[PDB]
Ligand SMILES: *[C@@H]1O[C@H](CO)[C@@H](O)[C@H](O)[C@H]1NC(C)=O
């Protein structure tokens with residue numbers, strides 16, 4: 001079957017020539033073409049230059065004409081790229097896709113059907129280890145509700161697991177989406193939705209379940225009036 | 001179509017007497033071709049080799 | 001060109017009226033193609049899709 | 001070389017609505033345009049190839065068609081799975097460009113939020129940066145226009161604003177007003193105030209912050 005999977009090197013460092021490998025589920029591209037797809041975080045996405053599976057020809061993004069190179073050989077299941085000069089806009093979810101070999105309307109029309117797993121490959125400029133937790137103690141125990149929370153700044157690598165109350169979530173807990181920073185590190189402010197009825201008794205301990213650290217720093221509601 | 005087709009003579013139908021044919025036409029993209037379909041009678045097409053051509 | 005050019009009418013010049021077109025066509029040999037560049041006036045040329053050629 | 005506006009940018013609809021998305025192309029591309037369904041967390045799947053040929057497997061609810069520079073994909077039987085963005089892809093000329101982004105949203109679960117002020121705890125004050133939060137809980141839609149005054153000014157970046165995506169248990173939105181500002185100017189401005197209004201809020205309120213012990 002023509003099913004695709006790619007991981008390459010994962011999260012990388014800027015100003016370096018990365019190599020994002022990709023694989024096939026046995027559907028050899030003997031006549032079809034393979035291609036890359038870059039999907040920016042949210043919103044739109046951009047197409048990276050496709051490859052000619054049958055021949056040795058390489059097509060590229062006009063703005064990135066010389067930046068992309070791939071390795072092709074007799075086996076059709078091994079497609080690995082050699083993207084050069086990774087930039088700040090390369091932090092996106094890459095993809096693999098297979099060109100239509102034949103159809104009743106046309107033959108090589110790019111209406112990609114087979115698609116890969118897809119992973120978020122970033123361009124974070126530094127490792128910078130892991131996050132820290134910041135409480136959100138309310139003024140009271142305009143509004144009558146007092147909502148606590150947490151702030152987990154500079155977490156790496158993307159992603160890092162977070163839960164609540166050792167997994168024993170009580171009611172309507174949630175987490176904010178991942179947002180990057182200008183320096184390259186990833187920060188988040190894990191604040192939970194709080195009802196305007198049960199106050200002074202509810203507890204929302206923040207479970208930052210980082211892979212090496214895995215700490216469960218306490219966080220409760222207290223007056224700050 | 002209408003199956004009855006008001007068949008007074010009931011002689012038959014064109015089916016299995018014409019060969020609905022298509023051929024490639026060039027395009028700007030490298031190695032990409034379309035189909036320009038047409039209908040031709042069997043008396044104006046022959047096959048030499050390369051079955052289904 | 002020279003500066004004055006003896007501009008009797010002062011009406012303009014061939015710029016924005018002639019185009020430098022550099023296409024590629026065959027020679028007398030059926031298997032030899034060369035980039036032939038020629039000048040054609042804008043009244044002899046129409047613009048088609050992919051609006052850069 | 002052929003950008004695709006794909007207007008409108010956003011739309012909210014319920015199950016089995018009659019919302020349509022029209023793809024705006026910079027030049028005529030004939031009928032060479034494809035479609036994709038970007039279900040959250042998954043790769044896009046082709047929906048309408050050749051701009052009118054319905055893909056195999058998927059039903060005929062996708063009332064698509066059109067030729068020239070305009071293409072509309074109207075959905076009849078809207079489904080919970082179909083609530084995802086759509087990207088129409090042209091393939092007539094190189095390079096290939098995708099759609100501009102058309103996120104589709106549920107119409108339901110109109111819930112109102114509750115906003116409050118929250119002073120920094122010990123960990124923020126001892127650390128370099130603290131935060132003043134005007135947390136928004138269970139609101140709708142994504143038009144939370146939080147206003148912040150800091151010495152007669154508003155600053156971005158530290159205003160870590162990222163509204164959560166639509167939920168399935170509550171199908172509403174949660175957003176916080178975290179202001180990660182260092183005490184050099186955070187603690188400098190004694191009094192803060194967040195000005196928020198929301199159409200889901202019948203009576204939007206403005207919350208003002210008092211410096212720490214104050
Ligand atoms: C004609 O020459 C141009 C210039 O390199 C080239 O791009 C084009 O492919 C040529 N046309 C042919 C070989 O038919």
_If the elastic network links every pair of Cα atoms under 10 Å, which of D:46, D:175, D:125 fluctuates the most in the Gaussian network model of chain D?_
D:125
_Prolate/oblate/rounded label for the range A:61-148 (Cα gyration tensor, a/c 1.5)_ = prolate
*asked:* What is the distance in Å between the Cα centroid of the range D:64-97 and that of the range A:77-100?
replied: 24 Å
*Give me the Debye-computed log₁₀ of I(q)/I(0) at q = 0.05, 0.06, 0.12 Å⁻¹ for the protein assembly as shown, equal point scatterers on Cα only, no solvent, two decimals.*
-0.32, -0.45, -1.24
*Quick one: which of D:137-143, D:80-86 comes out on top by average Cβ neighbours within 10 Å, and what's the full order, highest first?*
D:137-143, D:80-86
*Over chain D, what is the mean sequence separation of C-alpha contacts under 8 Å (at least six apart), divided by residue count, expressed as relative contact order in percent?*
19 percent
*asked:* Once the label point is set 7 Å along the Cα-to-beta-carbon vector, what list of distances in nm do you get between residue B:53 and its counterparts in the other copies?
replied: 2.9
*Do you know the relative contact order of the range D:1-110, to the nearest whole percent, from alpha carbon pairs under 8 angstrom that are 6+ apart?*
39 percent
*asked:* Let me check against my output: what whole-number percent is the relative contact order of chain C, with C-alpha pairs under 8 Å and at least 6 apart?
replied: 29 percent
*On a C-alpha basis, how far is the centre of the range A:124-179 from the centre of the range D:155-196 in Å? Whole number, if you could?*
13 Å
_Just to confirm the numbers: residue C:13, label point 7 angstrom along the Cα-Cβ line, distances to the other copies in nm, shortest first?_
7.4
*Provide the gained length on full extension for the span residue D:39 to residue D:81, in nm with one decimal, where the gain is 0.36 nm per separating residue minus the Cα-Cα distance.*
14.4 nm
*How big is the equivalent ellipsoid of chain A along its three axes, where each semi-axis is √(5λ) from the Cα gyration tensor, reported in whole Å from largest to smallest?*
46, 19, 15
_Can I get the semi-axes of chain B's equivalent ellipsoid? Compute them from the C-alpha gyration tensor as square roots of 5 times the eigenvalues, in angstrom, largest first._
33, 16, 7
*Give the order of A:128, D:206, D:178 when sorted by the count of other beta carbons within 10 angstrom, beginning with the fewest.*
D:206, A:128, D:178
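Reconstructed Cβ throughout: ideal geometry from the backbone, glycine too, with neighbour counts over all protein chains shown. Every number here is computed from the coordinates shown, using simple stated rules; none is lab data.
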